[PDB]
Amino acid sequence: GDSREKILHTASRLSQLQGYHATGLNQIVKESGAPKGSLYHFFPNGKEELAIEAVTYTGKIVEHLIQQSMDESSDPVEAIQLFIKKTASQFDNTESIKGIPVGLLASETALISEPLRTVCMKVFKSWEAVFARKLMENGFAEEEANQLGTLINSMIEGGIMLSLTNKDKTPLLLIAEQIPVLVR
């Protein structure tokens, strides 16, 4: 079902870029390049069902991107600053701006639909866990490691929102310059 993957990938791309409400089923069908396999693969549950898997899909890709930066350095603080710098590079070019992978959709559906909020909550944890695992590999206790995880994650999300609004990466670089003192 290459057509299933096209629809899912297309949904993930559009949800991160445009948000949940701004993205319609018509637009997902139009950009996927599939012949009505939408309701076939995401039957009478439609948008919310498709969005749920889209979030998980987006979640895994990001989760993987974070681990990669964590693997690129033995110094936990350096590995974290590098991830933030790579994320910030997307803004020095309006063309390469991806939006807010999971955060935008999550903030839009938090008060409507527990299923989406649940999945977004589950995905954010997976991301901070990547940060938590790396710190734990450096002496931090599980509880302390988990806290820096949610703190670092929250900061990056905030930096992305501001960098996107400002169409400039300064916010994110600013956050990067703080990792050392917070992790201390």
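Note that residue numbering begins at 1 and tracks the sequence as displayed.
Quiz prompt | Segment of higher mean CA temperature factor, 155-163 or 138-146 | solution = Here the higher of the two C-alpha B-factor means belongs to 138-146.
Quiz item: So which stretch wins on mean C-alpha B-factor, 25-33 or 111-119?
Solution: Per the deposited B-factors, the answer is 25-33.
Quiz item: What third of its chain, lowest, middle or highest, does the C-alpha temperature factor of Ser38 fall into?
Solution: Highest third - that is where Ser38 ends up once the chain's C-alpha B-factors are sorted.
Quiz item: Should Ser126 be placed in the lowest, middle or highest third of its chain by the C-alpha B factor in the entry?
Solution: Tercile = lowest for this residue's CA B-factor.
Practice problem: Divide the modelled residues of the chain into thirds by Cα B-factor and specify which third, lowest, middle or highest, holds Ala88. | Solution: For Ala88, whose C-alpha B-factor we compare with every modelled residue in the chain, the answer is the highest third.
Exercise. Consider only the C-alpha atoms of the modelled residues in this chain, order them by B-factor as the entry records it, and name the third containing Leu182: lowest, middle or highest.
Key: According to the entry, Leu182 has a C-alpha B-factor in the chain's highest third.
Quiz prompt | For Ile100, the third of its chain into which the C-alpha B factor falls | solution = Ranked within chain, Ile100 CA B lands in the middle tercile.
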